[PDB]
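Heads up, the Cβs are rebuilt from the backbone with ideal geometry, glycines too, and the neighbour counts pull from every protein chain shown. Taken together, the values in this text are just the output of simple stated rules run on the coordinates, not laboratory data.
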Amino acid sequence: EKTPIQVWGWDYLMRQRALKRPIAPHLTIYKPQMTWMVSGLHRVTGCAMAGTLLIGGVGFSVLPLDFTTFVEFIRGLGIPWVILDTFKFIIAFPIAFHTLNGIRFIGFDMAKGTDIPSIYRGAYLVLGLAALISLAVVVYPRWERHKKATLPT
Amino acid sequence: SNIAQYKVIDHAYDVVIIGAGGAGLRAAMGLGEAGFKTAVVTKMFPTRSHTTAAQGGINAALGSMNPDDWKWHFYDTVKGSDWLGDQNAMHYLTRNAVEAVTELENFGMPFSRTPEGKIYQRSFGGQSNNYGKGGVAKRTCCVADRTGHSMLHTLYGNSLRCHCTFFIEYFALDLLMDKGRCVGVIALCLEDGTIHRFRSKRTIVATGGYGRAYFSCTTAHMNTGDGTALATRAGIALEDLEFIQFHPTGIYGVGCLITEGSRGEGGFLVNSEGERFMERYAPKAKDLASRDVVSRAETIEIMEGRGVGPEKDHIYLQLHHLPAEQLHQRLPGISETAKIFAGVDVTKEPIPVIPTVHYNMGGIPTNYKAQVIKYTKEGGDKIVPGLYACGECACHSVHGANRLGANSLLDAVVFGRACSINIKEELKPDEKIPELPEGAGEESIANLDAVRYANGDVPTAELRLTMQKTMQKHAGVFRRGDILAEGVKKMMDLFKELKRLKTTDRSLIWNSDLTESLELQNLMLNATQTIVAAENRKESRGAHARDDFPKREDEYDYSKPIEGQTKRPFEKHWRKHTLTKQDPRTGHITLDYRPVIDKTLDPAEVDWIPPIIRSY
Amino acid sequence: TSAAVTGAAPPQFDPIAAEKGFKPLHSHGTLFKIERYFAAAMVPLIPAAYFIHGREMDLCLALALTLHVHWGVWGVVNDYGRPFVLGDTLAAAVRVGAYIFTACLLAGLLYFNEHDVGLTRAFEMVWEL
Amino acid sequence: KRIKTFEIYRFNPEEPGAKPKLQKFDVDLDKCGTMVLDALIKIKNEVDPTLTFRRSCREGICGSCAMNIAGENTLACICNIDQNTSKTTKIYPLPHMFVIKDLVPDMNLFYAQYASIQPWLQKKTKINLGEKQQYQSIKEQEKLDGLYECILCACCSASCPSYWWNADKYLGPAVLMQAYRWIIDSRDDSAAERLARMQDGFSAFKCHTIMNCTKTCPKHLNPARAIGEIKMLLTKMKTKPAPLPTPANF
Ligand SMILES: Cc1cc2nc3c(=O)[nH]c(=O)nc-3n(C[C@H](O)[C@H](O)[C@H](O)COP(=O)(O)OP(=O)(O)OC[C@H]3O[C@@H](n4cnc5c(N)ncnc54)[C@H](O)[C@@H]3O)c2cc1C
Ligand code: HEM
Ligand SMILES: COC1=C(N)C(=O)C(C)=C(C/C=C(\C)CCC=C(C)C)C1=O
Ligand code: SF4
Ligand code: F3S
Ligand code: FES
C-alpha cells in the first residue's frame, strides 16, 4: 500500500524505461569517502557475520561433521602461529567495528553528531577503537599463554 | 518549414503565462485559485529564474523599524524615476506594497525578524522619510541576503496549491496574433523536440530582462529579452529601452552582484586615496544615493586616476569596519560569494567592485492595468486585446529612467497580482478559447528550422560576443553622440551578419546551440533597439547620461521658478517615453514618442509630484 | 506545418488531488523505535558474552542475533531486491527469502547450541588455536 | 601554455541505439575562467557547440548546473578548476538519474516529490490574506537558518545510495529537509499531517545515515540532521514546540 507520490514514482520509472534512457553512472564513478565507505563496511560486516552464522549453523547441522573435529582439523594443519591470530583479528574486527559504528549510526538517527567534522572524527574513532579492541582481544590471550609457558608459578 | 519536419501539438487554456519568475508565478497563483485553466510556459524550472538571485530586499512601508507612510515611498519612486515614470502605475505600486509584502509573509516567506517579531527592514539607495525632507528610510524588507531566492521558492511552493499546469523547459518562439489580438503562444519543447501551440483567451508576458545584451552584467544567462523580442515580432513597439541600470557593485572580475544592502547596513565605497568619495558626490544620501548617481560617481573616480587595484580600473566596497555578527546575520550570502569569487574575507579586506549592467526599466509598454498598448499621436494609447505584460519585461512604467532598489521584486508581485485581478474582472465565461487562423505559427517554425540548419560562416558564439562588446563600448555609463552613432552602425552591421549564421547541433532534443541561437536573435532585436533609442535621446536623465547633453530636458526649466516661463512644445523637450518599432527581417527601426502620464489614480488619495531638480 | 494533433497536460503530481481519499495511518514509527532500542540493549550483551559463557548465554545470543539479523537483512533485501531491477514476482520471492533466511538462521543456531559445542564454546575454542 | 584536459560524459538520444561515452577536451586555462562551468561554456563556444548542460546564474544560487565533478556532486559555476594540468578532470551527470542528453538529467521525479510535501504555509484557522503579519520570534525564524537556503540542485539526493536504489519510494535528503523546513516553522499548523504523509517504511525511514548528502551539499547545509530530526518526530521521541504566543501590542 503506497502513498500517492510512491504510485506516481513507479509510473515515472516505467515511463523512463520505455524511453530507453540510460542511467547515469554512480558506483563506478563516485569518489570514495569516509561517509559511504564506512556505511559500506557497516553493511558488509553486518551481512558477513549473518552469512557466517547461517553457513555455520545450518552447515554443521546438515553435515556429518561437527565443530570439534573442524577445530582439531585446522589445528592439525599446524599453521604458523602468527597467521592464526590474524584470522582471529579478521573475525573480531567486524564485531567490534560494527558494534561501535552501530552506536554511532544510532546517534545519526537521533540527529546527534551530523556536522561534517563530528562525522569524520566519529569515523576514525570507530575504525581506530575497533582496530584496538580487536587487536587487544587477540594479543591478550597469547600474551597470557606466553606467560604460562615461561614464568615461575 | 523546408529542410525538416516537426510534430505540432495544440492546447487550449484560459490564460497562458510566459514566465515563472516572481511575476509569472504571482499571476499564476491569482488566476489558478480564481478558477482559470492556467498554463505556465517557462524555459527553465521556475526556481532557477533570475528572481531567485535577488538579494537586498523588497520595499514596503511596514513601519517595523520606525514610523513610515506609503506616500513617502511613492515620492521616492517618482523622484527616483527622474519624472519619466508614469505616476498612476507608481501610485498603484506604492499603494499596494504593504498588502503585497504581507501576503508573502502569509504564504510563508521567512523574513528576518525584529525583536518584536515583525519583518526586519533595512536602508537602501535613494529612499527618504517625509517627502525627501526627513532621514534615510528603513523600508526594505529582507530574508537576510537572499530575499528573491526566498520569495521565488515561496511563490513556487504556493503555486503548487493553485492548480496551474507547468510547461517547464518550453522555449516560446512567438505570440500568436490574429488581426491585432493575441490568441496564444507557440513554443519548442526541449525534452522531445516537439512544437506546441497554446491557444488562450489571455496571454501574460513575464519573461524578465536582457542583461546578456552586454558583455558584463549581473544577470543570468537566460536574460536574453525573448519577451520584448516576442512583442517586436508581433509588431508592438518597445518602451524606454535606452534606460539601462548599472548597479554600483558587481564584483570586478566576474559581474556577480554585491547587494546595495551591504551599503544599507553601513558599508561604503572607497577610492585609491582612501576616500569615502560618495560624501563628495552626494552629501546627504552619500553611499545610499540612487543607483544612476552612485555608478557615475564611481566611473568618474576611475576616469580621474583614483581607480583601485593593479590597473586602477575598479573600486572598493568596504564592510570590514562592521561587526562580524552583523555581516553573518545580515549579509551571509555576499560574504560567501566574495570569498568564492574574489578570495576576499569581508571581515578583514574590502571587495573589488565596479558598476555593472543589472536591470532594464525598458520593456513592453503597458497601461496601469498591465495590458499591453500601442500608441499613436492621433489615436493615443490603444490596448492590444488578449495581452498583458508584467515584471522586468514590462514598462508600466513604475521606474521611468531609474529604478529604485528593492522596487522590482515589488513590481513583479504587485503587477503580477494585478494581472490576475484585472483578468478575473474583465474576462467573462461569455468568451470562448479563440480558434487559430490557418497557418498560425508557420513563420516561427520556419525561423526555427533556418537557425537549426544554418550553415553560413559566423558561429553564433562569436557573433554574440561582438554584440556584447559593441554594446559595452558604445552604450555604457556615459554616452556621446559620435560614440553612439558609431555603435549604431556597427550594431546594424552585426544584424546583417545574422544571415551568415553558423550553428552545428542539428538535433531537436535539448539543442541548446539552437535555443542559444534563437536567443541571439532576440538579443539582437533588443540591443539594436536599445542603441538607436539611446543615440537619439539628446538629454541626460536617470541612467541615460549623455556627455554632449548633460541637462535634463523638461517642458519647463524646473531649476528656475515656473511663472513667466512658457512651456516648450512636446517635440522640443525630452520628458517623454521612447517607443521603438523594429522590422525583424530587415532590422530597420523607427522611433516615436509618447507622453509621460503625470496624473495619479485619484487626486483625493494622493497628489501628483511635479518635477524638481534631482539631488541626493 | 500546422497539420497538427491535440495535446495532453504533461505528467505532473498534483498534491491537492493526491490528498483526496488518502488517509492511511500505516505508522512505521514504533517498529523503527523498537528496532533501535533493541540494538542499544545488545551493546552490553556483546561484551557480556566475552566474559560469561554457557548454554543460557548461547541462547540469549541466538535469540537476539536472530531478531536483529531479521530486521537487518529485510533492509538489505529491500535495497537490492527491487521490482524495477528483478520484476515484481522475483522481488516477492526475495522478500519471502528474507523470512526463510531468518528461520533457517534460528533453526541452525538452536541446533548448534543443542547438539554441538554452542556459540560461546566455539569462539572459546577457535581462540585456543 | 597550461592545457587542462576534461573527460566529459556524452549521450545523444537522437542516435540510433545510442550509448553513453566519455569525451576528452583540451582547454587552455590562460584562455578560460577559474570555474568548471567556464570551461564547459568555452568548449561549447569554441570546440563543440553540441555539448549540452544546464546553467543560469553566475553565483551558485539557481541550482541548475548540478553535476558530478572529480567524483563529487557539486555546482559547476562555483567549482574551481583543478590547476594540476597533469591530472585530467572527469565530469558526469548527477548519479543514477535517467539522462536526457549529455549532462542534462530528467529532473521530474525530484520535482514531483517536492510538490508532495505541500511546500506552502498552512493555517488551521483561516486568516485574511495580506491584512497583517503573523508573529514569529527571532529564535523561531532562526530555526529556518540552514533549511530555507536550499536551491533545489539535487546534489545530495543524487549522492545517496538509498535514493539511488529506491528513488520511487524514498523521498531523499533534499525533499525531506524541505519537509522538515515546513514542519519546524512556528507559523505552520500542519506538522502532524506533514509527518502522516511520510509514516511508512520508505518515505523517510529508508535513510541509512550514509552522510553523503551533507558531505556533498555545495551550500554547506545538513539534510542528515533534518532527517534525524524527522526520525525523532515520527518515533515520538521529540515533539514540535507550540508557537510562542503573539505579543499583546503586536
Ligand atoms: C543579482 C540580482 C539581484 C537583484 N536583487 C533585487 C532585490 O534585492 N530587490 C529587487 O526588487 N529587485 C532585485 N533585482 C531585480 C529583480 O530581481 C528582477 O527584476 C525580478 O526578479 C524580475 O523577475 P521577473 O519575474 O520579471 O522575471 P525573471 O525572474 O527573470 O524570470 C523570467 C521568466 O521568464 C521565462 N522566460 C524567459 N524567456 C522565455 C522564453 N523564450 N520561453 C519561455 N520562458 C521564458 C524564464 O524561464 C523565467 O521563468 C535583482 C536582479 C538581479 C539580477
Ligand atoms: C552488538 C551491537 C550491535 C549493534 C548496536 C548493531 C546496530 C545496528 C544498526 C543500528 C543497524 C542498522 C544500520 C542501517 O539501518 O543501515 C544494523 C544493521 C545490521 N546489523 Fe547490526 N548491530 C549489532 C550487532 C550485530 C551483529 C552481531 C550482527 C550479526 C550478524 C549484525 C548484523 C547486522 C545486519 C545484517 C544489519 C543490516 C546492515 C545494513 O542494512 O546496512 N549486527 N546493526
Ligand atoms: C544503502 O546501502 C548501501 C550502502 N549503505 C553503501 O554504503 C554502498 C556503498 C552501497 C552501494 C551498493 C553495492 C556495493 C551493491 C551493488 C548493487 C548494484 C545494483 C550494482 C549501498 O547500496
Ligand atoms: S541540500 Fe544542499 S544539495 Fe541538497 S539540494 Fe538543497 S542545496 Fe542542493
Ligand atoms: S546520503 Fe542518504 S541515507 Fe540518509 S543521511 Fe544522507 S540521506
Ligand atoms: S548556474 Fe546556478 S548553480 Fe550554477
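Structure data summary
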read-out: Integer Hz, Karplus 6.51/-1.76/1.60 couplings in order for segment B:249-258, x for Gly and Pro; value: 10, x, 4, 3, x, 10, x, 3, 5, 10
read-out: Label-point gap, in nm, between C:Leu129 and C:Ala107 - each point 7 angstrom along Cα→Cβ; value: 2.8 nm
read-out: With Cα atoms, 0 to 90° folded angle of helix A:36-62 axis to chain A main axis; value: 60 degrees
read-out: C-alpha center-to-center spacing [segment B:94-132, segment A:76-95] in angstrom; value: 71 Å
read-out: Unsatisfied cross-links (Cα-Cα over 29 Å) in the set B:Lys138/B:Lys538; B:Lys71/B:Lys369; B:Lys469/B:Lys567; D:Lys87/D:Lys215; value: B:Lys138/B:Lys538; B:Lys469/B:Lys567
read-out: Placed amide H near D:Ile81: partners under 5 Å, 5+ positions off or other chain; value: D:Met35, D:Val36
read-out: Those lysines that a straight Cα-Cα span of less than 19 Å connects to B:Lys502, excepting residues fewer than 8 apart in one chain; value: D:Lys42, D:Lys44
read-out: Neighbouring partner chain Cβ atoms per residue of D:215-224, average, 10 Å criterion; value: 3
read-out: DSSP-defined antiparallel bridges as percent of all bridges, chain B, nearest 5; value: 65 percent
read-out: Average beta carbon contacts from partner chains per residue of D:134-140, 10 Å cutoff; value: 5
read-out: Charge tally in the Cβ shell below 15 Å around A:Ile5, where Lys, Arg are +1 and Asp, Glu are -1, A:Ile5 excluded; value: 0
read-out: Value at 222 nm in deg cm²/dmol, rounded to 500, when DSSP H runs of n ≥ 4 in chain B each add -39,500 (n - 2.57); value: -10000 deg cm²/dmol
read-out: Estimated vicinal HN-Hα couplings, Hz - segment B:597-613 in sequence order (Karplus 6.51, -1.76, 1.60; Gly, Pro = x); value: 7, 9, 5, 7, 5, 7, x, 4, 7, 7, 5, 6, 10, x, x, 8, 4
read-out: Residue (of B:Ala394, B:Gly157, B:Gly250) at the positive-pole extreme of chain B, dipole from beta-carbon charges; value: B:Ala394
read-out: Cα-based helix-to-principal-axis angle, B:70-80 vs chain B, degrees rounded to 10; value: 80 degrees
read-out: Amide H contacts under 5 Å for B:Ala394, placed H, 5+ residues apart; value: B:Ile364
read-out: Inter-label distance, nm, simple model (7 Å from Cα along the C-beta direction), B:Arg181/C:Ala93; value: 6.4 nm
read-out: B:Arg546 long-range amide H proximity, modeled H, under 5 Å; value: B:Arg479, B:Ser540, B:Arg541
read-out: Unsatisfied cross-links (Cα-Cα over 31 Å) in the set B:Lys284/B:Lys312; B:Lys79/B:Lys428; B:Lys7/D:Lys19; value: B:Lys79/B:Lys428
read-out: Gyration tensor (alpha-carbon) shape descriptor, segment D:114-250, a/c threshold 1.5; value: prolate
read-out: Partner chain coverage, peptide B:168-177 - average Cβ within 10 angstrom; value: 1
read-out: Counting DSSP beta bridges with both ends in chain D, the antiparallel % (nearest 5); value: 85 percent
read-out: For B:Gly441, net neighbour charge (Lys/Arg +1, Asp/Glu -1) across residues whose Cβ lies under 14 Å away; value: -4
read-out: Formal net charge of residues neighbouring D:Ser190 (Cβ-Cβ distance under 14 Å; K, R +1; D, E -1); value: +4
read-out: Amide N proximity, segment B:166-208 versus B:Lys432 label position 7 Å along Cα-to-Cβ, cut-off under 18 Å; value: B:183-184, B:199-202
read-out: Spin-label zone in segment D:188-207 - amide nitrogen under 19 Å from a point set 7 Å from the Cα of A:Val7 along the C-beta vector; value: D:196-203
read-out: Note, ³J(HN,Hα) from phi for segment D:214-231, Karplus 6.51, -1.76, 1.60, rounded to Hz, x at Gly and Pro; value: 5, 3, 8, 5, x, 9, 6, 9, 9, x, 4, 3, 5, 6, x, 3, 5, 3
read-out: Top positive-direction residue, dipole computed over chain A with Cβ charges, set A:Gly40, A:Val139, A:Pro152; value: A:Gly40
read-out: Shape call, chain B: gyration tensor on alpha carbons, a/c limit 1.5; value: rounded
read-out: Cα centre as origin, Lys/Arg/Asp/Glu Cβ charges: chain B dipole, Debye; value: 440 debye
read-out: Segment B:465-507 versus segment B:308-346: alpha-carbon centroid distance in Å; value: 34 Å
read-out: Between segment B:387-413 and segment B:1-52, the alpha-carbon center distance in angstrom; value: 20 Å
read-out: Tilt relative to chain B, helix B:408-426 - C-alpha long axis, 0 to 90 degrees, to 10; value: 40 degrees
